[PDB]
Each structure stands twice: as structure tokens, then as C-alpha cells.
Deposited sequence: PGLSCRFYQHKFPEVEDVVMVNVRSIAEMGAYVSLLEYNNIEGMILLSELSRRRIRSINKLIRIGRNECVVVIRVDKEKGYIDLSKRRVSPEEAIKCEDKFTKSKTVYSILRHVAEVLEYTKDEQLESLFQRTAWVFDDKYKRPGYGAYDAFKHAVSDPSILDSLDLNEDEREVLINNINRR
């Protein structure tokens, strides 16, 4: 099962996003946005290795047309560090919830999405901080499990979530 990391299906213009470079063509490099369920972007040729993960900035989006244009050249080192850090934290949240889904034997992507919606994305929304919100709340749950009390979870879901958070 896959699912994106964050409530939104697309990044906002000016976001720095973690991508995997998939191929190189005349107009630029095609990449998969790792935080957004591997949707495709392009690093414009003017803004520029297959298989490498890189932090790039979102330059233009057109959801109707289907395009995401990106830039490597415009990412500052300080910006790359934050993106690597956000990505690791969010990926950890992802792995936790994916493990929760395995324990509960989810077979459908919507079950995993529903888990995110009722947990990580509640915290991301509560604190208006995508990625970090969920991560910080899950980490806090290690010492203060009550932070999960308000979530719309059944007893088993909660128990399995706490277990998987603890495993980390």
C-alpha cells in the first residue's frame, strides 16, 4: 500500500520537496515527488544523476494541466537541510502508519489514507505544520500517550499505533 505523506496531494509553489530523479530528457529531468505518492515533476533544464534523491523547489504547478515544474538551482544549502530533515521525519511517520496498516491487515490504499487522515493529518492540521506536526506529536506520544486520546480511533487501532510509535 502507498499513500502520500501530507494532507495535500500537491505541494505549494515555493515548497522545497524531496524527489527521486527518474530520467533525463531534452526539456529537463523527470522526477518523482517522494512525499506526494510519487507524482511526477520536472526539473527544468535551466534549473538543473538518475537514481539520486534531491531537494528541489516548486516553481510552478498546474493541477488542471497536470504539470509540476521544479528547480534544483534555487535551493539553498540551509533549505536542503530542512527538506532532508522534514523528509526523514515524515518518512518515519509514514513507516509507522504503514506498519499499523500491516498489523491491521489493510489491503486498500483508502484504509491507509484513512489512518493518516485520523492521525498524522490531524496533528499536521492542528499545528498547521505539515510533516513536523505529526512527527512531533508521535514522538511526544512515546512519553505522553494521552496526546492520542482525542483521535478518532478504536481501542485496537490506538493500541497498535502506540506499539508502532514505541518501536519507532
* Structure fact -> Not represented among the modelled residues are deposited positions 1 to 2, 51 to 62
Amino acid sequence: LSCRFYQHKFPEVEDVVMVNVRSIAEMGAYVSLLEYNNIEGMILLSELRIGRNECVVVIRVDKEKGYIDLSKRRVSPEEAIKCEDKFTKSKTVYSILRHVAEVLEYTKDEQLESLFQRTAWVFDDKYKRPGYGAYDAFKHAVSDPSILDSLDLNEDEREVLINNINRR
From here on, numbers count along this sequence of modelled residues.
* Residue stretch of maximal mean CA temperature factor, 118 to 126 vs 96 to 104 -> 96 to 104
* Between 108 to 116 and 63 to 71, which has the higher average C-alpha B-factor in the PDB entry? -> 63 to 71
* In terms of the CA temperature factor given in the entry, to which third of its chain does residue 82 belong: lowest, middle or highest? -> highest
* Entry-reported Cα temperature factor of residue 148, expressed as the chain third it lands in -> middle
* Sorting the chain's modelled residues by C-alpha B-factor, tell me whether residue 56 ends up in the lowest, middle or highest third. => lowest
* To do: Can you work out whether the C-alpha temperature factor of residue 47 puts it in the lowest, middle or highest third of the chain?
  => highest
* Among the modelled residues of its chain, does the C-alpha B-factor of residue 26 lie in the lowest, middle or highest third? -> highest
